[PDB]
Amino acid sequence: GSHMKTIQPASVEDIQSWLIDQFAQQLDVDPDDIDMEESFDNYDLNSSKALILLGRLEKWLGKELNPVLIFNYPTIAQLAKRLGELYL
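Okay, so let's go over this structure.

This part is about the overall build of the protein chain. Helix and strand counts for the protein chain come out as 3 helices and 0 strands. Traced from its N-terminal end to its C-terminal end, the protein chain shows the element sequence α-α-α. The C-alpha radius of gyration computed for the protein chain amounts to 12 Å, which stays within 12% of the reference 12 Å derived for 88 residues, consistent with globular compactness. Projecting the C-alpha coordinates of the protein chain onto the three principal axes gives extents of approximately 30 × 25 × 20 Å. Within the protein chain, the fraction of its 88 residues that count as buried is 38%. Considering only intrachain contacts with a sequence separation of at least 6, the fraction spanning at least 24 residues in the protein chain is 53%. Carbon together with sulfur atoms contributes 44% to the accessible area of the protein chain, which is approximately 5600 Å² in total. In the protein chain, 7 positive and 15 negative side-chain charges are present, and the distance between their average locations comes to 11 Å.

This model, assessed by the stated rule, comprises 1 salt bridge. Notably, a salt bridge pairs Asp44 with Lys49, separated by 2.7 Å at the nearest N-O pair.

This paragraph deals with the packing of helix α1 (residues 12–27) against helix α2 (residues 49–61). α2 packs onto α1 with a crossing angle of 145 degrees between their chain directions and a minimal axis gap of 12 Å. Note that α1 runs across α2; the crossing there is right-handed. Between α1 and α2, the contacting residues are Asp14, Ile15, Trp18, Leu19, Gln22, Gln25 and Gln26 on the first element and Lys49, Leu53, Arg56, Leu57 and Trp60 on the second. For the contact of α1 with α2, the per-class residue count stands at 6 nonpolar, 3 polar and 3 charged.

Look at α1: 22 Å from first C-alpha to last across 16 residues, which is about the 22 Å you get at 1.5 Å a residue. Taken as a whole, α1 has its buried residues at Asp14, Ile15, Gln16, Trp18, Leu19, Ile20, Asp21, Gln22, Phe23 and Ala24. Where α1 is buried, its residues contact α2 and α3 (76–86). Where α1 ends, the next residue or the one after it, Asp28, has phi of about 80 degrees, a positive value.

Examined against the element boundaries, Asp30 turns out to sit in the loop between α1 and α2. When the C-alpha atoms of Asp30 and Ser2 are compared, they prove to be 9.5 Å apart, with 28 residues separating the residues in sequence.

Thresholds, definitions, all that
Residues numbered from 1 in each chain as written, not as in the entry; some residues may be left out. Heavy atoms only, no water. Helix = DSSP H or I, 4+ residues; strand = E, 2+ residues; numbered from the N terminus. Rg over C-alpha atoms; globule rule 2.2 N^0.38 Å. Buried < 20%, exposed > 50% of the residue type's maximum accessible area, 1.4 Å probe, protein only. Contact = heavy atoms within 4.5 Å. Areas by Shrake-Rupley, 256 points an atom, 1.4 Å probe, with all protein chains shown as cover. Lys, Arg positive; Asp, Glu negative; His and termini not counted. Charge placed at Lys NZ, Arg CZ, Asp CG, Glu CD. Salt bridge = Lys/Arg side-chain N within 4 Å of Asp/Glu carboxyl O. Axes fitted to C-alpha atoms, helices over the stretch in contact; angles between N-to-C directions. Left-handed = near helix turned anticlockwise from the far one by under 90°. Nonpolar A, V, L, I, M, F, W, Y, C, P; charged D, E, K, R; others polar. Expected span 1.5 Å × (residues − 1).

These figures capture arrangement, not role.
Take a look at the structure:
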């Protein structure tokens, strides 16, 4: 309870909760209110949003990212997953 803070990508479970809470804290909501299966283009990630939170995500992971991953995994249940394969 009272979750709100990043962790470290130690399995896809972690990358999920990170994405989720960083969605919560963008949107002013609970993390558990985030649709990890709905496309981010329907949430507040309008377009350039992707780059803010990408430039968090890649840095959180210690690396770079690519814009294609917006355009290929636009959901937590795909992004967190695929990050757990590109990285973890």
